[PDB]
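Have a look at query29.cif; it's mmCIF, C-alpha atoms; chains and numbers go by the auth columns:
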data_entry
loop_
_atom_site.group_PDB
_atom_site.id
_atom_site.type_symbol
_atom_site.label_atom_id
_atom_site.label_comp_id
_atom_site.label_asym_id
_atom_site.label_seq_id
_atom_site.Cartn_x
_atom_site.Cartn_y
_atom_site.Cartn_z
_atom_site.B_iso_or_equiv
_atom_site.auth_seq_id
_atom_site.auth_asym_id
ATOM 1 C CA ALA A 1 -1.138 -9.135 6.990 0.00 285 A
ATOM 2 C CA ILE A 2 -4.902 -9.420 7.506 0.00 286 A
ATOM 3 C CA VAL A 3 -4.978 -13.114 6.587 0.00 287 A
ATOM 4 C CA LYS A 4 -2.057 -13.862 8.902 0.00 288 A
ATOM 5 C CA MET A 5 -3.818 -12.010 11.720 0.00 289 A
ATOM 6 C CA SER A 6 -6.905 -14.145 11.111 0.00 290 A
ATOM 7 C CA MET A 7 -4.803 -17.318 11.167 0.00 291 A
ATOM 8 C CA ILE A 8 -3.215 -16.233 14.451 0.00 292 A
ATOM 9 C CA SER A 9 -6.670 -15.587 15.900 0.00 293 A
ATOM 10 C CA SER A 10 -7.755 -19.076 14.819 0.00 294 A
ATOM 11 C CA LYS A 11 -5.435 -20.728 17.345 0.00 295 A
ATOM 12 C CA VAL A 12 -7.122 -21.188 20.733 0.00 296 A
ATOM 13 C CA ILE A 13 -5.114 -21.341 23.969 0.00 297 A
ATOM 14 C CA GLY A 14 -6.597 -21.663 27.443 0.00 298 A
ATOM 15 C CA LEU A 15 -4.707 -19.333 29.769 0.00 299 A
ATOM 16 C CA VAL A 16 -5.265 -20.566 33.338 0.00 300 A
ATOM 17 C CA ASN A 17 -4.092 -18.342 36.175 0.00 301 A
ATOM 18 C CA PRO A 18 -1.795 -20.290 38.546 0.00 302 A
ATOM 19 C CA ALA A 19 -2.937 -18.126 41.467 0.00 303 A
ATOM 20 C CA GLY A 20 -6.436 -19.572 41.040 0.00 304 A
ATOM 21 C CA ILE A 21 -7.883 -22.902 42.120 0.00 305 A
ATOM 22 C CA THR A 22 -9.235 -24.208 38.801 0.00 306 A
ATOM 23 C CA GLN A 23 -7.229 -27.175 37.508 0.00 307 A
ATOM 24 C CA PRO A 24 -7.615 -27.990 33.791 0.00 308 A
ATOM 25 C CA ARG A 25 -7.260 -31.738 34.383 0.00 309 A
ATOM 26 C CA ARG A 26 -10.699 -32.016 35.985 0.00 310 A
ATOM 27 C CA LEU A 27 -12.137 -29.706 33.322 0.00 311 A
ATOM 28 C CA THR A 28 -10.858 -32.062 30.619 0.00 312 A
ATOM 29 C CA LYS A 29 -11.883 -35.278 32.410 0.00 313 A
ATOM 30 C CA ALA A 30 -15.540 -34.274 32.617 0.00 314 A
ATOM 31 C CA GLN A 31 -18.627 -34.960 30.515 0.00 315 A
ATOM 32 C CA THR A 32 -21.436 -32.505 29.822 0.00 316 A
ATOM 33 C CA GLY A 33 -22.690 -31.009 33.059 0.00 317 A
ATOM 34 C CA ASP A 34 -20.647 -32.796 35.716 0.00 318 A
ATOM 35 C CA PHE A 35 -20.227 -29.988 38.241 0.00 319 A
ATOM 36 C CA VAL A 36 -16.512 -29.278 38.702 0.00 320 A
ATOM 37 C CA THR A 37 -14.855 -27.179 41.392 0.00 321 A
ATOM 38 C CA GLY A 38 -13.342 -23.969 40.072 0.00 322 A
ATOM 39 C CA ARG A 39 -13.918 -20.344 39.228 0.00 323 A
ATOM 40 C CA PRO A 40 -14.673 -18.966 35.743 0.00 324 A
ATOM 41 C CA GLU A 41 -12.195 -16.099 36.149 0.00 325 A
ATOM 42 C CA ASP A 42 -9.360 -18.614 36.555 0.00 326 A
ATOM 43 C CA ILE A 43 -9.684 -19.807 32.945 0.00 327 A
ATOM 44 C CA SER A 44 -9.156 -17.255 30.184 0.00 328 A
ATOM 45 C CA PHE A 45 -8.173 -17.292 26.514 0.00 329 A
ATOM 46 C CA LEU A 46 -5.584 -15.043 24.899 0.00 330 A
ATOM 47 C CA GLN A 47 -6.954 -12.921 22.065 0.00 331 A
ATOM 48 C CA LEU A 48 -5.539 -10.802 19.250 0.00 332 A
ATOM 49 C CA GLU A 49 -6.471 -7.348 20.540 0.00 333 A
ATOM 50 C CA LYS A 50 -5.029 -5.749 17.372 0.00 334 A
ATOM 51 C CA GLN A 51 -8.405 -4.321 16.355 0.00 335 A
ATOM 52 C CA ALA A 52 -7.867 -0.651 15.480 0.00 336 A
ATOM 53 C CA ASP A 53 -4.943 -1.650 13.270 0.00 337 A
ATOM 54 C CA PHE A 54 -7.348 -4.060 11.587 0.00 338 A
ATOM 55 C CA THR A 55 -9.775 -1.200 10.933 0.00 339 A
ATOM 56 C CA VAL A 56 -7.130 1.070 9.408 0.00 340 A
ATOM 57 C CA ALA A 57 -5.694 -1.748 7.291 0.00 341 A
ATOM 58 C CA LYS A 58 -9.186 -2.632 6.065 0.00 342 A
ATOM 59 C CA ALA A 59 -9.893 1.004 5.195 0.00 343 A
ATOM 60 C CA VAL A 60 -6.667 1.414 3.227 0.00 344 A
ATOM 61 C CA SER A 61 -7.054 -1.936 1.462 0.00 345 A
ATOM 62 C CA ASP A 62 -10.624 -1.034 0.507 0.00 346 A
ATOM 63 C CA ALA A 63 -9.495 2.314 -0.904 0.00 347 A
ATOM 64 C CA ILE A 64 -6.749 0.632 -2.934 0.00 348 A
ATOM 65 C CA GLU A 65 -9.208 -2.000 -4.156 0.00 349 A
ATOM 66 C CA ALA A 66 -11.692 0.675 -5.232 0.00 350 A
ATOM 67 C CA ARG A 67 -9.119 2.668 -7.197 0.00 351 A
ATOM 68 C CA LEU A 68 -7.775 -0.478 -8.867 0.00 352 A
ATOM 69 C CA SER A 69 -11.295 -1.710 -9.602 0.00 353 A
ATOM 70 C CA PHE A 70 -12.417 1.390 -11.439 0.00 354 A
ATOM 71 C CA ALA A 71 -8.990 1.462 -13.107 0.00 355 A
ATOM 72 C CA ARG B 1 20.383 28.557 -46.580 0.00 5 B
ATOM 73 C CA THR B 2 20.986 31.850 -44.610 0.00 6 B
ATOM 74 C CA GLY B 3 18.239 33.904 -42.849 0.00 7 B
ATOM 75 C CA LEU B 4 17.774 31.867 -39.584 0.00 8 B
ATOM 76 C CA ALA B 5 19.568 28.855 -41.145 0.00 9 B
ATOM 77 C CA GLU B 6 23.195 29.803 -41.887 0.00 10 B
ATOM 78 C CA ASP B 7 24.531 28.084 -38.766 0.00 11 B
ATOM 79 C CA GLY B 8 22.616 24.885 -39.529 0.00 12 B
ATOM 80 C CA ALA B 9 19.810 22.706 -38.195 0.00 13 B
ATOM 81 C CA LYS B 10 21.929 21.020 -35.516 0.00 14 B
ATOM 82 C CA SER B 11 23.329 24.267 -34.114 0.00 15 B
ATOM 83 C CA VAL B 12 19.951 26.007 -33.922 0.00 16 B
ATOM 84 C CA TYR B 13 18.357 22.911 -32.392 0.00 17 B
ATOM 85 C CA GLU B 14 21.069 22.799 -29.727 0.00 18 B
ATOM 86 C CA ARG B 15 20.647 26.517 -29.035 0.00 19 B
ATOM 87 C CA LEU B 16 16.861 26.260 -28.719 0.00 20 B
ATOM 88 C CA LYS B 17 16.998 23.126 -26.558 0.00 21 B
ATOM 89 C CA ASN B 18 18.169 25.305 -23.661 0.00 22 B
ATOM 90 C CA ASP B 19 14.944 27.326 -23.878 0.00 23 B
ATOM 91 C CA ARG B 20 12.959 24.063 -23.961 0.00 24 B
ATOM 92 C CA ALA B 21 14.395 22.846 -20.641 0.00 25 B
ATOM 93 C CA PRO B 22 11.868 24.471 -18.245 0.00 26 B
ATOM 94 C CA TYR B 23 8.926 23.065 -20.197 0.00 27 B
ATOM 95 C CA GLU B 24 10.533 19.619 -20.176 0.00 28 B
ATOM 96 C CA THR B 25 11.090 19.779 -16.415 0.00 29 B
ATOM 97 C CA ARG B 26 7.514 20.866 -15.709 0.00 30 B
ATOM 98 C CA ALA B 27 6.201 18.191 -18.079 0.00 31 B
ATOM 99 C CA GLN B 28 8.319 15.577 -16.308 0.00 32 B
ATOM 100 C CA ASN B 29 6.971 16.648 -12.914 0.00 33 B
ATOM 101 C CA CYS B 30 3.389 16.540 -14.190 0.00 34 B
ATOM 102 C CA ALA B 31 3.999 13.109 -15.719 0.00 35 B
ATOM 103 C CA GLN B 32 5.555 11.866 -12.479 0.00 36 B
ATOM 104 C CA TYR B 33 2.552 12.880 -10.390 0.00 37 B
ATOM 105 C CA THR B 34 0.218 11.478 -13.053 0.00 38 B
ATOM 106 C CA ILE B 35 1.099 8.336 -15.062 0.00 39 B
ATOM 107 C CA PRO B 36 4.934 8.601 -15.138 0.00 40 B
ATOM 108 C CA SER B 37 5.453 6.406 -18.197 0.00 41 B
ATOM 109 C CA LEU B 38 3.729 8.987 -20.407 0.00 42 B
ATOM 110 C CA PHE B 39 6.643 11.472 -20.423 0.00 43 B
ATOM 111 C CA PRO B 40 9.913 9.661 -19.674 0.00 44 B
ATOM 112 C CA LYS B 41 13.144 11.573 -19.229 0.00 45 B
ATOM 113 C CA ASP B 42 15.836 11.546 -21.900 0.00 46 B
ATOM 114 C CA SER B 43 18.241 9.694 -19.603 0.00 47 B
ATOM 115 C CA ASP B 44 15.445 7.303 -18.642 0.00 48 B
ATOM 116 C CA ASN B 45 15.528 4.204 -20.845 0.00 49 B
ATOM 117 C CA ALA B 46 14.617 0.530 -20.740 0.00 50 B
ATOM 118 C CA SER B 47 15.200 -1.339 -17.472 0.00 51 B
ATOM 119 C CA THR B 48 13.673 1.611 -15.575 0.00 52 B
ATOM 120 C CA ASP B 49 10.685 1.034 -13.294 0.00 53 B
ATOM 121 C CA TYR B 50 8.073 3.797 -13.115 0.00 54 B
ATOM 122 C CA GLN B 51 6.940 3.922 -9.496 0.00 55 B
ATOM 123 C CA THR B 52 3.187 4.330 -9.779 0.00 56 B
ATOM 124 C CA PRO B 53 1.725 7.437 -8.097 0.00 57 B
ATOM 125 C CA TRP B 54 0.282 7.130 -4.610 0.00 58 B
ATOM 126 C CA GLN B 55 -2.647 9.474 -5.245 0.00 59 B
ATOM 127 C CA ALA B 56 -3.743 7.636 -8.413 0.00 60 B
ATOM 128 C CA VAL B 57 -6.156 10.460 -9.266 0.00 61 B
ATOM 129 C CA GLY B 58 -4.002 12.504 -11.648 0.00 62 B
ATOM 130 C CA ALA B 59 -3.821 9.527 -14.001 0.00 63 B
ATOM 131 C CA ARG B 60 -7.583 9.027 -13.854 0.00 64 B
ATOM 132 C CA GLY B 61 -8.199 12.669 -14.622 0.00 65 B
ATOM 133 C CA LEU B 62 -5.658 12.673 -17.439 0.00 66 B
ATOM 134 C CA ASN B 63 -7.329 9.681 -19.072 0.00 67 B
ATOM 135 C CA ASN B 64 -10.796 11.173 -18.599 0.00 68 B
ATOM 136 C CA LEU B 65 -9.797 14.541 -20.060 0.00 69 B
ATOM 137 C CA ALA B 66 -8.055 12.960 -23.044 0.00 70 B
ATOM 138 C CA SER B 67 -11.017 10.694 -23.797 0.00 71 B
#
In structure tokens, what does this structure look like?
Amino acid sequence: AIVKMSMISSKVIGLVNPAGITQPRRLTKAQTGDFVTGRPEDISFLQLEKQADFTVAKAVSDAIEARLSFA
Amino acid sequence: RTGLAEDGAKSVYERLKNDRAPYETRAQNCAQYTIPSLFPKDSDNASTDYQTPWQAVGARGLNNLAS
């Protein structure tokens, strides 16, 4: 489960709000610098917010690993 | 033979097995919560999987005490 969560997090997707004015075409067709019209809040990236579950899974896996290790 | 033996070994063993039942049940429970394979049930035989305990401390303590 943890490895699959990491693999899911690896994928990067640029979520652009249609209600905004930033258009990804001019972002893509631009070199370093190259002032482009837009707003930073328009562009956002989806993230795996499953964090607390990660903590509990890590805790339980660590406990199991410890008991097995000394066994 | 007579004197505690007239009936025979089999009959007395069968009679006394009924008084051994509570100890067997308690031993089976203790084995189940510790390493279950140590004290299998009479019905239990090959092809039976011993679900390992969740706590995994009774087995550790049993091994430590025995050693």
What would the selection look like, as JSON, numbers by chain, if the PyMOL selection byres ((chain B) within 9 of (chain A)) were run on the coordinates I just shared? {"B": [60, 61, 64]}
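If you look at CA of residue 333 in chain A and CA of residue 298 in chain A, they are 15.9 Å away from each other.
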What does the distance between CA of residue 341 in chain A and CA of residue 286 in chain A come to in Å, to one decimal place? 7.7 Å
What is the distance, in Å and to one decimal place, between CA of residue 349 in chain A and CA of residue 294 in chain A? 25.6 Å
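Using only C-alpha atoms, the nearest neighbour of residue 307 in chain A within the list A:330, A:320, A:340, A:292 is A:320.
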Might you spell out which residues the PyMOL selection byres ((chain A and resi 305) around 6) would select in the displayed file, as JSON, numbers by chain? {"A": [304, 306, 322]}
All residues 12 Å or closer to range 26-43 of chain B, all atoms listed in the file, same chain fewer than 3 positions away omitted, as a list in words: residues 20, 21, 22, 23, 46, 47, 48, 49, 50, 52, 53, 54, 55, 56, 57, 58, 59, 60, 61, 62, 63, 64, 65, 66 and 67 of chain B
Starting from the shown file, work through the PyMOL selection byres ((chain A and resi 300) around 7) and note down what comes out as a PyMOL selection string. chain A and resi 298-299+301-302+326-328
Would you mind exporting C-alpha atoms of the selected residues as a short mmCIF file (atom, residue, chain, number, x, y, z; two decimals), keeping the file's coordinate frame?
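After the write, selection.cif holds the following:
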data_model
loop_
_atom_site.label_atom_id
_atom_site.label_comp_id
_atom_site.auth_asym_id
_atom_site.auth_seq_id
_atom_site.Cartn_x
_atom_site.Cartn_y
_atom_site.Cartn_z
CA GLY A 298 -6.60 -21.66 27.44
CA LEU A 299 -4.71 -19.33 29.77
CA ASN A 301 -4.09 -18.34 36.17
CA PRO A 302 -1.80 -20.29 38.55
CA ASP A 326 -9.36 -18.61 36.56
CA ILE A 327 -9.68 -19.81 32.94
CA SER A 328 -9.16 -17.26 30.18
#
Is it possible to get the axis-aligned box enclosing range 29-35 of chain B (all listed atoms, 8 Å extra per side) as JSON, with centre and edge lengths in Å rounded to one decimal?
{"center_x": 7.2, "center_y": 17.0, "center_z": -15.5, "size_x": 23.7, "size_y": 23.8, "size_z": 21.2}
With a distance cut-off of 12 Å and only C-alpha atoms, select the neighbouring residues of residue 338 in chain A, excluding the residue or stretch itself and same-chain residues fewer than 6 positions from it, and output the selection as a JSON list (two decimals) with C-alpha atoms, in the frame of the given file.
[["chain", "number", "residue", "atom", "x", "y", "z"],
["A", 285, "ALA", "CA", -1.14, -9.14, 6.99],
["A", 286, "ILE", "CA", -4.90, -9.42, 7.51],
["A", 287, "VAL", "CA", -4.98, -13.11, 6.59],
["A", 288, "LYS", "CA", -2.06, -13.86, 8.90],
["A", 289, "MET", "CA", -3.82, -12.01, 11.72],
["A", 290, "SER", "CA", -6.90, -14.14, 11.11],
["A", 332, "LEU", "CA", -5.54, -10.80, 19.25],
["A", 344, "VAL", "CA", -6.67, 1.41, 3.23],
["A", 345, "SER", "CA", -7.05, -1.94, 1.46],
["A", 346, "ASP", "CA", -10.62, -1.03, 0.51]]
